[PDB]
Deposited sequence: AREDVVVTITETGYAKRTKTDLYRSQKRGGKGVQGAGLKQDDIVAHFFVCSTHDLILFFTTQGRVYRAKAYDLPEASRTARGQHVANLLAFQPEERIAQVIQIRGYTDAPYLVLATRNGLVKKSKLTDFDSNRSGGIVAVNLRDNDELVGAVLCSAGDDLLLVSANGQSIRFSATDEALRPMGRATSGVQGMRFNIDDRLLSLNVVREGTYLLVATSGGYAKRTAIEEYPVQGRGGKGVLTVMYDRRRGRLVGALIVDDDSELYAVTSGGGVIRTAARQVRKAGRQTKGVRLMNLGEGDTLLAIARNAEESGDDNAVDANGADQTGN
């Protein structure tokens, strides 16, 4: 059947689809990570869902390949449904209509590498997973975005460095799938890449530390620089406050979850998080318990 569906993927990696009309009619333990809707796509049963993995592969599924379930169900674990390799996990999910939807796919790795490929290079029904990037043994894929050569990309590290660069074809050449990435950001041994995002106007980069200190900064405050540098600070670090646990792009109406160490999952909105300068320390989340710490922040996708 060809139907309009809502595809939901939880933060924990469980997926399902629900007919749009049914989803709209549907609904003592507290919130848990399975309740976090990480991805929410209103699409067709016949559209494609691309699952980029930590091992640098991409698995495709038509939305009809995701099981039908009520809004309340978490669904089926994607790694199990799509026969991922042992220990392979979801890194990012992108819904597309077809392979001409954007000119490029840009990927980013834990170790700060980036790679652009033509989106049509992924138009293959070959086995389950296809290689999207060649990774070294101690690297992992962390981000994947659709973009054009007219876009800027933002990379953010756990130690609070950020780099924004223009993803022109001169600066970031389109490359093959089964090749290594090029340097996106340079950082210390003790650092790692948290996120990759396409810059969009009117948004904010919301950062939060393990100590629970959060802030959001207008995207304009991130300077455009050459790919591969150390970038600039996006937080004022202090040992008492901790490293970054999350770096998300939000709008004034974005809804979020704070995953605490000792109090489960708490709801927060971007509007609850203080707007401040790029090199500011952040403000402790009010709802975070005293002595509790933050494990992660997650977007509430709907």
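The deposited sequence has C-alpha coordinates everywhere except the stretches 28 to 34, 310 to 327.
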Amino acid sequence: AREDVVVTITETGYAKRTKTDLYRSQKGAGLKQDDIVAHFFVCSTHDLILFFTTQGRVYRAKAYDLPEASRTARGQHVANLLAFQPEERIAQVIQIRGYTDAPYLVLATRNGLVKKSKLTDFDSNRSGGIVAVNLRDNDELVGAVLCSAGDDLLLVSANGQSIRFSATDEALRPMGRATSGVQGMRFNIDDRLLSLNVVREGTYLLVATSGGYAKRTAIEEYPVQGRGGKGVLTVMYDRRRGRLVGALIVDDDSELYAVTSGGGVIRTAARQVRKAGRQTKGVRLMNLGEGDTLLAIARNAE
From here on, numbers count along this sequence of modelled residues.
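In this crystal structure, the stretch out of 117 to 125 and 137 to 145 whose C-alpha atoms carry the higher mean B factor is 117 to 125. Relative to its counterpart among 258 to 266 and 41 to 49, 258 to 266 has the higher mean temperature factor, C-alpha atoms as listed in the PDB entry. The PDB entry assigns its highest CA temperature factor, among 109, 76, 162, 179, to 179.
Within the selection 71, 216, 173, 192, the deposited Cα B-factor values reach their highest point at 71. Among all modelled residues in its chain, residue 59 ranks in the lowest third by Cα B-factor. Ranked within its chain, residue 206 lands in the lowest third, by CA B factor from the PDB record. In this PDB entry, the Cα temperature factor of residue 235 sits in the middle third of its chain's modelled residues. Residue 250 sits in the lowest third of its chain by CA B factor, as recorded in the PDB entry.
Ranked by Cα temperature factor within the chain, residue 222 sits in the highest third according to the deposited record.
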